[PDB]
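>
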Amino acid sequence: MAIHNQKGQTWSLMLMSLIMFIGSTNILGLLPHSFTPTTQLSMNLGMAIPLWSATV
Amino acid sequence: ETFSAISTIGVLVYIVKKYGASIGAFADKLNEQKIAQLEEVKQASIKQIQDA
Amino acid sequence: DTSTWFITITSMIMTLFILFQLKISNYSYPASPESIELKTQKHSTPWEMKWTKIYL
Amino acid sequence: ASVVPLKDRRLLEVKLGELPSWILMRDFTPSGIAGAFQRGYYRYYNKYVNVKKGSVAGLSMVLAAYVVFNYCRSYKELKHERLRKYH
Amino acid sequence: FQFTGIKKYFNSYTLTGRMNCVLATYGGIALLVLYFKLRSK
Amino acid sequence: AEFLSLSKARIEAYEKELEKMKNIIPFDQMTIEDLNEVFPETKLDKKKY
């Protein structure tokens with residue numbers, strides 16, 4: 058929140074949902090036989106491009 | 098090949114040690130949260146009575 | 005492994021961002037609670053000023 | 002069958018972690034203050050004793066369920082078993 | 010009711026955020042080269 | 078006597094406000110909407126910090 062300080066603060070309530078999902082789905086997989094969805098390269102090319110081109 | 102099953106369950110035993118201090122932080126958060134309302138009700142009460 | 009073909013996961017990621025924007029949206033900020041004590045002080049002070057103008 | 006699986010989690014929450022507030026549940030909230038963690042305790046040996054306000058046995062049962070649920074899918078691939086049993 | 014809790018949020022930022030068409034075009038073209046290499050084996 | 082006329086209801090409305098203020102605090106773990114009278118809420122993008 059502190060860096061932006063604009064009327065671009067509306068966007069920041071989403072960016073803390075983005076940190077809890079890949080914060081969790083990278084921490085679940087350390088278990089014995091679990092499976093991480095951020096291992097496959099498919100969804101990460103759907104996490105970058107609909108967010109990166111939402112900026113330009 | 099799951100001797101790394103125990104070591105991801107062994108590290109989660111060492112955090113149960115600090116979890117007995119996490120009750121204070123968790124407990125501490127609740128108490129800290131509790132003090133604010135108590136201050137607020139008292140603060141609210143004095144202002145209303147003296148304005149009358 | 006080098007997996008392939010990608011028609012999978014990425015359509016099942018945006019259904020997840022209907023969940024995480026539902027849970028995390030109902031949170032509470034400690035700071036908002038310090039703001040409601042300020043406007044209650046100025047209102048009765050102006051009401052006492054409305055009572056002081058009822059004297060003067 | 003939706004009211005069947007939804008009444009499973011609302012039974013495995015309000016008993017063993019953590020039974021919240023919002024009166025009409027106020028004495029139901031302190032029902033978790035003693036907690037059923039004393040009921041959940043006896044499975045390991047004694048050692049996870051820190052469950053008082055950071056409750057281990059409330060959480061560490063789901064993660065023990067998600068491991069043995071994922072042991073079933075892996076079983077077909079890593080067969081390895083001879084015409085016998087192990088030690 | 011998985012809509013009106015977050016419907017005020019959507020038409021705010023999906024004006025730029027809901028541009029998955031570029032993901033759809035870069036995805037749909039990425040479908041084409043893999044069916045083609047298995048066609049020529 | 079207009080102060081004795083107009084502010085007399087302002088005294089009793091403040092006196093009745095002390096009655097309902099006792100009602101709201103209640104149990105420690107009481108409610109998430111009954112505590113939403115004194116401490117405020119607003120429309121979109123009010124709380125800056």
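Residue numbers (full-length UniProt numbering), protein chains in the order written: chain U, 58 to 113; chain B, 98 to 149; chain E, 5 to 60; chain V, 2 to 88; chain H, 10 to 50; chain W, 78 to 126. The beta carbon of each residue, even a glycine, is placed where N, CA and C say it ideally should be.
Using a Cβ-Cβ cutoff of less than 8 Å, which residues in the same chain neighbour residue 27(E) once the five nearest sequence positions on both sides are dropped?
Counting from 1 along the third sequence, the entry for residue 27(E) is found at position 23. Cβ contact annotation for residue 27(E) (same chain, cutoff 8 Å, sequence separation greater than five): none.
> Give the DSSP-derived three-state secondary structure of residue 34(H) in the structure shown.
The residue labelled residue 34(H) in the question sits at position 25 within the fifth sequence. Of the three classes helix, strand and coil, the one that applies to residue 34(H) here is helix, per DSSP.
> Give me the Cβ distance between residue 82(U) and residue 93(U), rounded to the nearest whole Å; I'm assuming they're in contact under 8 Å.
Working through the first sequence from its first residue, we reach residue 82(U) at position 25. Working through the first sequence from its first residue, we reach residue 93(U) at position 36. The Cβ separation is near 6 Å, so the contact holds.
> How would you call residue 141(B), buried or exposed, if buried means at least 16 neighbouring beta carbons within 10 angstroms?
Along the second sequence, one-based indexing puts residue 141(B) at 44. Buried, since its Cβ has 16 or more Cβ neighbours within 10 Å.
> As a quick exercise: from 139(B), 144(B), 133(B) and 138(B), pick the residue whose alpha carbon is nearest that of residue 45(E).
Locating residue 45(E) in the third sequence gives position 41, where the first residue counts as 1. It is 144(B).
> Just the C-alpha distance for residue 106(U) and residue 80(U), rounded to the nearest angstrom, thanks.
The residue given as residue 106(U) occupies position 49 in the first sequence. The residue given as residue 80(U) occupies position 23 in the first sequence. Near 19 Å, if we compare the C-alpha coordinates of residue 80(U) and residue 106(U).
> Taking C-beta pairs closer than 8 Å, name the residues in chain V that residue 113(B) reaches, listed in chain order.
Here the question's residue 113(B) lines up with position 16 in the second sequence. Chain-ordered, the chain V residues with CB closer than 8 Å to the CB of residue 113(B) read 48, 49, 50, 51 and 57.
> Just checking, does the segment 9-19 of chain E make contact with the segment 87-101 of chain W on the three C-beta pairs under 8 Å criterion?
no
> Give the residues of chain V in contact with residue 101(W), contact being defined as C-beta atoms less than 8 Å apart.
Residue 101(W) sits at position 24 when you count from the first residue of the sixth sequence. For residue 101(W), no chain V residue has a Cβ inside 8 Å of its Cβ, as the nearest lies near 12 Å away.
> Return the Cβ separation of residue 37(V) and residue 17(V) in integer angstroms, given the expectation that the two are a contact with Cβ distance under 8 Å.
Working through the fourth sequence from its first residue, we reach residue 37(V) at position 36. Working through the fourth sequence from its first residue, we reach residue 17(V) at position 16. Confirmed, Cβ separation roughly 5 Å.
> Go to residue 109(U), then tell me how far its alpha helix (DSSP H) extends in each direction, as first and last residue.
Position 52 of the first sequence, counted from the start, is the residue given in the question as residue 109(U). Here the alpha helix (DSSP H) through residue 109(U) covers 106-109.
> When you compare each of 26(V), 72(V), 31(V) and 32(V) to residue 108(W) by their alpha carbons, which one comes out closest?
As a working mapping, residue 108(W) is identified with position 31 in the sixth sequence. Among 26(V), 72(V), 31(V) and 32(V), the Cα nearest to that of residue 108(W) is on 26(V).
> Which residues in chain V have a C-beta closer than 7 Å to the C-beta of residue 90(U)? List them in chain order.
In the first sequence, counting from the first residue as 1, residue 90(U) sits at position 33. Under the 7 Å cutoff, chain V gives 68, 71, 72 and 75.
> Taking a Cβ distance cut-off of 9 Å, strictly less, list which residues of the segment 26-56 of chain E are near chain H, in chain order.
26, 29 and 30
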